[PDB]
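Data block for query_14.cif (mmCIF, C-alpha atoms and all ligand atoms):
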data_my_file
loop_
_atom_site.group_PDB
_atom_site.id
_atom_site.type_symbol
_atom_site.label_atom_id
_atom_site.label_comp_id
_atom_site.auth_asym_id
_atom_site.auth_seq_id
_atom_site.Cartn_x
_atom_site.Cartn_y
_atom_site.Cartn_z
ATOM 1 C CA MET A 1 -3.606 -26.907 -6.757
ATOM 2 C CA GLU A 2 -5.510 -24.408 -8.889
ATOM 3 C CA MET A 3 -6.942 -21.385 -7.083
ATOM 4 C CA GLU A 4 -10.751 -21.500 -7.450
ATOM 5 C CA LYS A 5 -11.025 -25.135 -6.412
ATOM 6 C CA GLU A 6 -8.431 -24.894 -3.673
ATOM 7 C CA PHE A 7 -10.701 -22.046 -2.539
ATOM 8 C CA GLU A 8 -13.875 -24.154 -2.403
ATOM 9 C CA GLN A 9 -11.920 -26.931 -0.685
ATOM 10 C CA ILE A 10 -10.804 -24.590 2.117
ATOM 11 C CA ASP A 11 -14.327 -23.194 2.495
ATOM 12 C CA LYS A 12 -15.948 -26.634 2.733
ATOM 13 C CA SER A 13 -13.284 -27.813 5.178
ATOM 14 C CA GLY A 14 -13.300 -24.548 7.167
ATOM 15 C CA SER A 15 -9.496 -24.449 7.400
ATOM 16 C CA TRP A 16 -8.650 -20.806 6.589
ATOM 17 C CA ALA A 17 -7.135 -20.236 10.043
ATOM 18 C CA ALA A 18 -4.810 -23.220 9.619
ATOM 19 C CA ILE A 19 -3.692 -22.154 6.134
ATOM 20 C CA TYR A 20 -3.009 -18.626 7.413
ATOM 21 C CA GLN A 21 -1.054 -19.862 10.437
ATOM 22 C CA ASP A 22 1.155 -21.934 8.109
ATOM 23 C CA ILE A 23 2.015 -18.736 6.219
ATOM 24 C CA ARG A 24 2.881 -17.002 9.485
ATOM 25 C CA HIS A 25 5.162 -19.908 10.462
ATOM 26 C CA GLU A 26 7.039 -20.011 7.135
ATOM 27 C CA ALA A 27 7.458 -16.235 6.733
ATOM 28 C CA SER A 28 10.938 -14.702 6.636
ATOM 29 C CA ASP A 29 12.572 -13.122 9.682
ATOM 30 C CA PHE A 30 15.166 -10.435 8.947
ATOM 31 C CA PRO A 31 16.598 -7.732 11.243
ATOM 32 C CA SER A 32 14.948 -4.324 11.749
ATOM 33 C CA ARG A 33 17.670 -2.694 13.873
ATOM 34 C CA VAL A 34 17.345 0.875 12.569
ATOM 35 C CA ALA A 35 13.562 0.925 13.274
ATOM 36 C CA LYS A 36 14.212 0.018 16.913
ATOM 37 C CA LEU A 37 16.799 2.717 17.691
ATOM 38 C CA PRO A 38 15.535 4.982 20.521
ATOM 39 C CA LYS A 39 15.706 8.117 18.351
ATOM 40 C CA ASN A 40 13.082 6.571 16.009
ATOM 41 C CA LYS A 41 10.431 5.694 18.586
ATOM 42 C CA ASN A 42 8.152 8.575 17.591
ATOM 43 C CA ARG A 43 8.527 7.650 13.885
ATOM 44 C CA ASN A 44 6.705 4.305 14.341
ATOM 45 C CA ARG A 45 2.933 4.033 14.748
ATOM 46 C CA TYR A 46 2.998 0.466 16.135
ATOM 47 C CA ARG A 47 5.858 -1.131 18.070
ATOM 48 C CA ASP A 48 5.345 -4.537 16.411
ATOM 49 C CA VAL A 49 5.317 -3.293 12.764
ATOM 50 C CA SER A 50 8.779 -2.326 11.461
ATOM 51 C CA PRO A 51 10.586 -2.305 8.091
ATOM 52 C CA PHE A 52 13.444 -4.763 7.557
ATOM 53 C CA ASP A 53 16.877 -3.130 7.310
ATOM 54 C CA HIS A 54 17.620 -4.684 3.909
ATOM 55 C CA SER A 55 14.531 -3.278 2.141
ATOM 56 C CA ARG A 56 13.779 -0.050 4.045
ATOM 57 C CA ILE A 57 13.443 3.244 2.176
ATOM 58 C CA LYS A 58 16.146 5.733 3.155
ATOM 59 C CA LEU A 59 15.455 9.473 3.268
ATOM 60 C CA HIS A 60 18.188 11.549 1.550
ATOM 61 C CA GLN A 61 19.124 13.327 4.765
ATOM 62 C CA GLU A 62 22.321 12.917 6.760
ATOM 63 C CA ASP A 63 20.780 13.645 10.172
ATOM 64 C CA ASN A 64 18.183 10.856 10.310
ATOM 65 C CA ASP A 65 17.309 8.835 7.205
ATOM 66 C CA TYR A 66 14.573 6.708 8.846
ATOM 67 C CA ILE A 67 10.949 6.274 7.726
ATOM 68 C CA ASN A 68 8.687 3.268 8.365
ATOM 69 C CA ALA A 69 8.467 2.222 4.684
ATOM 70 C CA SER A 70 9.611 -0.811 2.619
ATOM 71 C CA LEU A 71 10.423 -1.480 -1.075
ATOM 72 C CA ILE A 72 8.614 -4.619 -2.350
ATOM 73 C CA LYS A 73 10.353 -5.591 -5.671
ATOM 74 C CA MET A 74 8.539 -8.359 -7.626
ATOM 75 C CA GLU A 75 11.050 -9.676 -10.162
ATOM 76 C CA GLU A 76 8.947 -11.929 -12.442
ATOM 77 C CA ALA A 77 5.943 -9.593 -12.482
ATOM 78 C CA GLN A 78 8.207 -6.563 -13.091
ATOM 79 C CA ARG A 79 6.357 -4.435 -10.507
ATOM 80 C CA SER A 80 7.590 -2.489 -7.512
ATOM 81 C CA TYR A 81 5.643 -0.972 -4.597
ATOM 82 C CA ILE A 82 6.525 1.106 -1.527
ATOM 83 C CA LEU A 83 4.392 0.000 1.448
ATOM 84 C CA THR A 84 4.277 2.433 4.378
ATOM 85 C CA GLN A 85 2.311 3.242 7.537
ATOM 86 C CA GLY A 86 -0.206 6.074 7.646
ATOM 87 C CA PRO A 87 1.803 9.237 8.346
ATOM 88 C CA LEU A 88 2.031 10.530 11.950
ATOM 89 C CA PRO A 89 1.819 14.218 12.930
ATOM 90 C CA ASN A 90 5.631 14.335 13.126
ATOM 91 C CA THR A 91 6.263 12.352 9.877
ATOM 92 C CA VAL A 92 4.079 14.104 7.273
ATOM 93 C CA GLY A 93 7.085 16.028 5.970
ATOM 94 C CA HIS A 94 9.147 12.808 5.754
ATOM 95 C CA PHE A 95 6.315 11.117 3.807
ATOM 96 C CA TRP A 96 6.282 13.779 1.068
ATOM 97 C CA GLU A 97 10.108 13.865 1.022
ATOM 98 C CA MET A 98 10.010 10.120 0.213
ATOM 99 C CA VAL A 99 7.434 10.629 -2.566
ATOM 100 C CA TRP A 100 9.686 13.295 -4.107
ATOM 101 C CA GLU A 101 12.995 11.435 -3.773
ATOM 102 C CA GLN A 102 11.632 8.108 -5.063
ATOM 103 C CA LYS A 103 9.909 9.788 -8.114
ATOM 104 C CA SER A 104 6.512 8.258 -7.383
ATOM 105 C CA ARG A 105 3.501 9.352 -9.468
ATOM 106 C CA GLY A 106 0.698 7.910 -7.349
ATOM 107 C CA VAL A 107 -0.262 7.458 -3.670
ATOM 108 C CA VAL A 108 -2.844 4.760 -2.754
ATOM 109 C CA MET A 109 -4.710 5.248 0.605
ATOM 110 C CA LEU A 110 -6.919 2.378 1.863
ATOM 111 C CA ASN A 111 -8.133 3.783 5.231
ATOM 112 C CA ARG A 112 -10.155 6.735 6.529
ATOM 113 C CA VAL A 113 -8.463 9.337 8.737
ATOM 114 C CA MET A 114 -10.803 8.304 11.620
ATOM 115 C CA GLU A 115 -11.989 4.698 12.106
ATOM 116 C CA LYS A 116 -13.513 3.041 15.185
ATOM 117 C CA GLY A 117 -13.531 6.472 16.859
ATOM 118 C CA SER A 118 -9.713 6.852 16.803
ATOM 119 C CA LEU A 119 -7.215 8.533 14.467
ATOM 120 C CA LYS A 120 -5.648 6.075 11.994
ATOM 121 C CA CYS A 121 -3.468 8.600 10.189
ATOM 122 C CA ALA A 122 -2.695 12.337 10.001
ATOM 123 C CA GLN A 123 -4.557 14.697 7.647
ATOM 124 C CA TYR A 124 -1.528 14.841 5.358
ATOM 125 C CA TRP A 125 -3.015 16.489 2.214
ATOM 126 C CA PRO A 126 -4.947 19.788 1.775
ATOM 127 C CA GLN A 127 -8.733 19.747 1.674
ATOM 128 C CA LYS A 128 -9.266 23.108 -0.117
ATOM 129 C CA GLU A 129 -7.590 24.489 -3.250
ATOM 130 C CA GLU A 130 -6.887 27.895 -1.648
ATOM 131 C CA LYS A 131 -5.358 26.441 1.599
ATOM 132 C CA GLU A 132 -2.069 24.856 0.606
ATOM 133 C CA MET A 133 0.314 23.054 3.003
ATOM 134 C CA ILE A 134 3.956 23.884 3.651
ATOM 135 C CA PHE A 135 6.258 21.308 5.265
ATOM 136 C CA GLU A 136 9.070 23.378 6.713
ATOM 137 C CA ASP A 137 11.275 20.533 7.970
ATOM 138 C CA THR A 138 11.672 19.134 4.405
ATOM 139 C CA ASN A 139 11.048 22.320 2.340
ATOM 140 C CA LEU A 140 8.072 21.126 0.271
ATOM 141 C CA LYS A 141 4.773 22.735 -0.737
ATOM 142 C CA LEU A 142 1.617 20.755 -1.503
ATOM 143 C CA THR A 143 -1.506 22.094 -3.291
ATOM 144 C CA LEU A 144 -4.885 20.510 -4.036
ATOM 145 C CA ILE A 145 -5.575 20.925 -7.793
ATOM 146 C CA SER A 146 -8.834 18.946 -8.204
ATOM 147 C CA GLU A 147 -10.954 16.349 -6.402
ATOM 148 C CA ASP A 148 -13.398 13.787 -7.861
ATOM 149 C CA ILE A 149 -15.638 12.075 -5.267
ATOM 150 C CA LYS A 150 -17.262 8.778 -6.287
ATOM 151 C CA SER A 151 -19.356 6.300 -4.360
ATOM 152 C CA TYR A 152 -16.507 3.973 -3.293
ATOM 153 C CA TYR A 153 -13.391 6.105 -3.782
ATOM 154 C CA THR A 154 -12.081 9.635 -4.353
ATOM 155 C CA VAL A 155 -9.305 10.707 -6.802
ATOM 156 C CA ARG A 156 -7.314 13.879 -6.231
ATOM 157 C CA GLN A 157 -4.766 15.724 -8.336
ATOM 158 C CA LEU A 158 -2.035 17.276 -6.177
ATOM 159 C CA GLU A 159 0.928 19.536 -7.007
ATOM 160 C CA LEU A 160 4.151 18.919 -5.094
ATOM 161 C CA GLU A 161 6.812 21.645 -5.231
ATOM 162 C CA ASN A 162 10.393 21.296 -4.052
ATOM 163 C CA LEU A 163 10.895 24.793 -2.621
ATOM 164 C CA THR A 164 14.702 24.461 -2.787
ATOM 165 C CA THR A 165 14.749 24.029 -6.611
ATOM 166 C CA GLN A 166 11.288 25.361 -7.591
ATOM 167 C CA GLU A 167 10.652 22.130 -9.509
ATOM 168 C CA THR A 168 7.030 20.900 -9.519
ATOM 169 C CA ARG A 169 5.339 17.540 -10.119
ATOM 170 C CA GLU A 170 1.808 16.225 -10.436
ATOM 171 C CA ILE A 171 0.899 13.459 -7.935
ATOM 172 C CA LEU A 172 -2.311 11.403 -8.188
ATOM 173 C CA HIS A 173 -4.027 10.451 -4.864
ATOM 174 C CA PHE A 174 -6.287 7.346 -5.020
ATOM 175 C CA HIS A 175 -8.407 7.070 -1.840
ATOM 176 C CA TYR A 176 -10.504 3.955 -1.233
ATOM 177 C CA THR A 177 -13.116 5.241 1.223
ATOM 178 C CA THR A 178 -15.447 2.287 1.872
ATOM 179 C CA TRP A 179 -13.435 -0.528 3.529
ATOM 180 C CA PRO A 180 -15.549 -1.447 6.596
ATOM 181 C CA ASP A 181 -14.387 -0.598 10.134
ATOM 182 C CA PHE A 182 -14.491 -4.351 10.962
ATOM 183 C CA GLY A 183 -13.817 -7.357 8.719
ATOM 184 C CA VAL A 184 -13.470 -7.260 4.906
ATOM 185 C CA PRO A 185 -15.848 -6.286 2.049
ATOM 186 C CA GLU A 186 -18.576 -8.770 1.180
ATOM 187 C CA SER A 187 -17.802 -8.546 -2.567
ATOM 188 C CA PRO A 188 -14.432 -7.686 -4.187
ATOM 189 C CA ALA A 189 -16.116 -5.802 -7.032
ATOM 190 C CA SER A 190 -15.549 -2.261 -5.771
ATOM 191 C CA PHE A 191 -11.945 -3.032 -4.653
ATOM 192 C CA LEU A 192 -11.122 -4.456 -8.129
ATOM 193 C CA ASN A 193 -12.717 -1.484 -9.892
ATOM 194 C CA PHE A 194 -10.504 0.702 -7.673
ATOM 195 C CA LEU A 195 -7.404 -1.393 -8.524
ATOM 196 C CA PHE A 196 -8.139 -0.942 -12.279
ATOM 197 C CA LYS A 197 -8.527 2.844 -11.872
ATOM 198 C CA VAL A 198 -5.054 3.031 -10.280
ATOM 199 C CA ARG A 199 -3.680 0.912 -13.158
ATOM 200 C CA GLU A 200 -5.340 3.025 -15.844
ATOM 201 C CA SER A 201 -3.750 6.228 -14.453
ATOM 202 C CA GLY A 202 -0.168 5.174 -15.342
ATOM 203 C CA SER A 203 0.893 5.233 -11.679
ATOM 204 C CA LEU A 204 2.090 1.574 -11.648
ATOM 205 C CA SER A 205 4.103 1.730 -14.771
ATOM 206 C CA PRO A 206 7.881 1.383 -15.099
ATOM 207 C CA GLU A 207 8.289 4.957 -16.422
ATOM 208 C CA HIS A 208 7.698 6.210 -12.850
ATOM 209 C CA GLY A 209 9.096 5.513 -9.390
ATOM 210 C CA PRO A 210 7.195 2.929 -7.295
ATOM 211 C CA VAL A 211 3.620 3.679 -6.216
ATOM 212 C CA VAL A 212 3.307 4.478 -2.486
ATOM 213 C CA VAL A 213 0.562 2.465 -0.793
ATOM 214 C CA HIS A 214 -0.643 2.746 2.817
ATOM 215 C CA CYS A 215 -3.373 1.978 5.319
ATOM 216 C CA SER A 216 -2.898 2.453 9.084
ATOM 217 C CA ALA A 217 0.018 0.000 9.697
ATOM 218 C CA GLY A 218 0.855 -0.606 6.020
ATOM 219 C CA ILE A 219 0.584 -4.436 6.071
ATOM 220 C CA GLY A 220 -3.060 -5.548 6.001
ATOM 221 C CA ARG A 221 -5.248 -3.756 3.437
ATOM 222 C CA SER A 222 -1.987 -2.597 1.787
ATOM 223 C CA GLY A 223 -0.831 -6.203 1.465
ATOM 224 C CA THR A 224 -4.159 -7.198 -0.064
ATOM 225 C CA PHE A 225 -3.786 -4.490 -2.760
ATOM 226 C CA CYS A 226 -0.277 -5.466 -3.951
ATOM 227 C CA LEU A 227 -0.914 -9.228 -3.644
ATOM 228 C CA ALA A 228 -3.997 -9.015 -5.854
ATOM 229 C CA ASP A 229 -2.274 -6.756 -8.413
ATOM 230 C CA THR A 230 0.857 -8.979 -8.710
ATOM 231 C CA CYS A 231 -1.112 -12.243 -8.963
ATOM 232 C CA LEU A 232 -3.327 -10.863 -11.759
ATOM 233 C CA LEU A 233 -0.275 -9.601 -13.701
ATOM 234 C CA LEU A 234 1.390 -13.030 -13.448
ATOM 235 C CA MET A 235 -1.782 -14.735 -14.721
ATOM 236 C CA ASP A 236 -1.557 -12.506 -17.822
ATOM 237 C CA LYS A 237 2.184 -13.030 -18.401
ATOM 238 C CA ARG A 238 2.469 -16.836 -18.048
ATOM 239 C CA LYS A 239 1.605 -19.566 -20.570
ATOM 240 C CA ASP A 240 -0.298 -21.453 -17.833
ATOM 241 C CA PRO A 241 -2.293 -19.061 -15.583
ATOM 242 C CA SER A 242 -3.359 -21.879 -13.244
ATOM 243 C CA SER A 243 0.285 -22.140 -12.183
ATOM 244 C CA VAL A 244 0.046 -18.894 -10.155
ATOM 245 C CA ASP A 245 0.202 -19.843 -6.448
ATOM 246 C CA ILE A 246 -1.121 -17.026 -4.271
ATOM 247 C CA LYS A 247 0.473 -18.438 -1.095
ATOM 248 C CA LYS A 248 3.894 -18.557 -2.769
ATOM 249 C CA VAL A 249 3.503 -14.975 -4.017
ATOM 250 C CA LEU A 250 2.567 -13.797 -0.497
ATOM 251 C CA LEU A 251 5.607 -15.509 1.037
ATOM 252 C CA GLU A 252 7.814 -13.814 -1.600
ATOM 253 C CA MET A 253 6.349 -10.396 -0.696
ATOM 254 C CA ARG A 254 6.923 -11.118 3.017
ATOM 255 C CA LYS A 255 10.657 -11.313 2.279
ATOM 256 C CA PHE A 256 10.435 -7.500 1.919
ATOM 257 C CA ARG A 257 7.970 -6.408 4.663
ATOM 258 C CA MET A 258 6.710 -8.292 7.715
ATOM 259 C CA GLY A 259 3.109 -9.175 8.454
ATOM 260 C CA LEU A 260 1.471 -8.707 5.039
ATOM 261 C CA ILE A 261 -2.136 -9.939 5.293
ATOM 262 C CA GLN A 262 -3.167 -9.607 8.946
ATOM 263 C CA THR A 263 -6.058 -12.092 9.246
ATOM 264 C CA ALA A 264 -7.441 -15.276 7.735
ATOM 265 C CA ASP A 265 -10.405 -13.205 6.495
ATOM 266 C CA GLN A 266 -8.019 -10.924 4.568
ATOM 267 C CA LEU A 267 -6.372 -14.028 3.069
ATOM 268 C CA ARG A 268 -9.744 -15.369 1.908
ATOM 269 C CA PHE A 269 -10.682 -11.964 0.484
ATOM 270 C CA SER A 270 -7.417 -11.872 -1.508
ATOM 271 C CA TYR A 271 -8.246 -15.240 -3.110
ATOM 272 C CA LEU A 272 -11.750 -13.991 -3.927
ATOM 273 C CA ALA A 273 -10.407 -10.817 -5.531
ATOM 274 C CA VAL A 274 -7.896 -12.649 -7.748
ATOM 275 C CA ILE A 275 -10.487 -15.254 -8.795
ATOM 276 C CA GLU A 276 -13.101 -12.692 -9.845
ATOM 277 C CA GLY A 277 -10.534 -10.393 -11.374
ATOM 278 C CA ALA A 278 -9.158 -13.128 -13.606
ATOM 279 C CA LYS A 279 -12.568 -13.504 -15.295
ATOM 280 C CA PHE A 280 -12.924 -9.837 -16.063
ATOM 281 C CA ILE A 281 -9.450 -9.605 -17.578
ATOM 282 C CA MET A 282 -10.577 -11.816 -20.464
HETATM 283 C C1 LIG A 301 -10.687 11.545 4.906
HETATM 284 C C2 LIG A 301 -11.846 11.246 5.372
HETATM 285 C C3 LIG A 301 -12.622 11.624 4.317
HETATM 286 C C4 LIG A 301 -14.045 11.138 4.381
HETATM 287 N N1 LIG A 301 -14.050 9.780 4.166
HETATM 288 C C5 LIG A 301 -15.349 9.082 3.592
HETATM 289 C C6 LIG A 301 -16.194 8.194 4.312
HETATM 290 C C7 LIG A 301 -17.355 7.586 3.785
HETATM 291 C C8 LIG A 301 -17.713 7.730 2.515
HETATM 292 N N2 LIG A 301 -18.855 7.079 1.990
HETATM 293 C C9 LIG A 301 -16.948 8.580 1.751
HETATM 294 C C10 LIG A 301 -15.798 9.203 2.257
HETATM 295 CL CL1 LIG A 301 -15.081 10.152 1.061
HETATM 296 C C11 LIG A 301 -13.476 9.312 5.462
HETATM 297 C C12 LIG A 301 -11.971 9.855 5.638
#
Serialized structure, structure tokens:
Amino acid sequence: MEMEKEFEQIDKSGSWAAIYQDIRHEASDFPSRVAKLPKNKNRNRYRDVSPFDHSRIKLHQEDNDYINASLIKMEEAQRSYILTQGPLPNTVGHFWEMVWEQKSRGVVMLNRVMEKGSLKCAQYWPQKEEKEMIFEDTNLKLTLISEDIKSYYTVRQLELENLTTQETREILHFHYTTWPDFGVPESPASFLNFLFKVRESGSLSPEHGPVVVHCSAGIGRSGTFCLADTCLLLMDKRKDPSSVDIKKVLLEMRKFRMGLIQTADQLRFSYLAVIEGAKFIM
């Protein structure tokens, strides 16, 4: 079926939970043996969220190459993403090592450091220009260059230096600051405006490594971001845009990381975002 009328049909029939459970039942199951090794217990934020072996990002380090991060490679859309958990106190150096080694330009953050009175991720970037951060375990230096605070999101320019080679690179940090502590946004308008700002920066383009995107576990809000982006790109590329099937795209992405889209409300919000976004594209 088309999207906007399939949407109204699920609303009127109140069957979002059944649609979402079907997706959970059909989703791929692949091994995640490296994630479950005992030496990696303190590298995982949640015991039930792990990267598959076949798609995990490997750190270029012979001691322990493990990080909780996955490469999502969308063949028809010609778009790749790295989805990862919010960094832990003991994995902030690994996080920036990954950014460096994978040649990413942009980092997309969809959570606040504290939500619901608990820490959802480490303070992994510097908050003042004159107070830079040094990660001694991976030999990197990170400096805040500029910060632009808007009503729904903040953009930061960061400088990452490989201290071993003295090479430097500019990284763009896109921070969506207004996702509610519970549920999903009432309108997709600010999320779509945010998605277009990331696009306009060049961070998603093939001339760079894959964008790094995260929330707390790296599957819910993060899944919503890449699902909406890929579906809108396919609607632009194809002769028949009504042939884009959001459920089929989500199952394809779940071949590369488990659990993408965590609730039936997030599924409904993803439909809403693609529907409204398709009108603005033209
Ligand atoms: C990193 C912290 C930074 C402050 N954030 C924040 C919260 C609410 C609004 N409106 C704006 C922002 Cl910038 C929460 C997480």
Please identify all polymer residues within 12 Å of residue 5 of chain A, counting all atoms listed in the file, omitting same-chain residues fewer than 5 positions from it, and present them as a PDB file with C-alpha atoms, keeping the file's coordinate frame.
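What follows is the written file around-v9.pdb:
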ATOM      1  CA  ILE A  10     -10.804 -24.590   2.117  1.00  0.00           C
ATOM      2  CA  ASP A  11     -14.327 -23.194   2.495  1.00  0.00           C
ATOM      3  CA  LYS A  12     -15.948 -26.634   2.733  1.00  0.00           C
ATOM      4  CA  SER A 242      -3.359 -21.879 -13.244  1.00  0.00           C
ATOM      5  CA  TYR A 271      -8.246 -15.240  -3.110  1.00  0.00           C
ATOM      6  CA  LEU A 272     -11.750 -13.991  -3.927  1.00  0.00           C
ATOM      7  CA  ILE A 275     -10.487 -15.254  -8.795  1.00  0.00           C
TER       8      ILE A 275
END
Residues matched by the PyMOL selection byres (((not hetatm)) within 10 of (chain A and resi 301)), written as a count of residues only: 28
Hits from the PyMOL selection byres (((chain A and resi 64-75) around 10) and not hetatm), listed as a ChimeraX atom specification: /A:34-35,37,39-40,43-45,49-63,76-87,91,94-95,98,210-214,217-218,226,230,249,252-258
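The space separating atom CA of residue 274 of chain A from atom CA of residue 251 of chain A comes to 16.4 Å.
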Can you list every residue of segment 58-156 of chain A that has an atom at most 7 Å from segment 206-209 of chain A, with its nearest atom pair and the distance in Å to one decimal, using only C-alpha atoms, ordered by chain then number, as a tab-separated table?
residue	atom	partner	partner_atom	distance
A:102	CA	A:209	CA	5.6
A:103	CA	A:209	CA	4.5
A:104	CA	A:209	CA	4.3
A:105	CA	A:208	CA	6.2
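Here the question is which of A:100, A:190, A:30, A:130 gets nearest to residue 276 of chain A using only C-alpha atoms, and that residue is A:190.
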Test item: the PyMOL selection byres (((chain A and resi 138) around 8) and not hetatm) resolved as an MDAnalysis selection string: chainID A and resid 93:94 97 135:137 139:140
From A:278, A:265, A:160, A:3, residue lying nearest residue 232 of chain A [all atoms listed in the file]: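 Using all atoms listed in the file, residue 232 of chain A sits closest to A:278.
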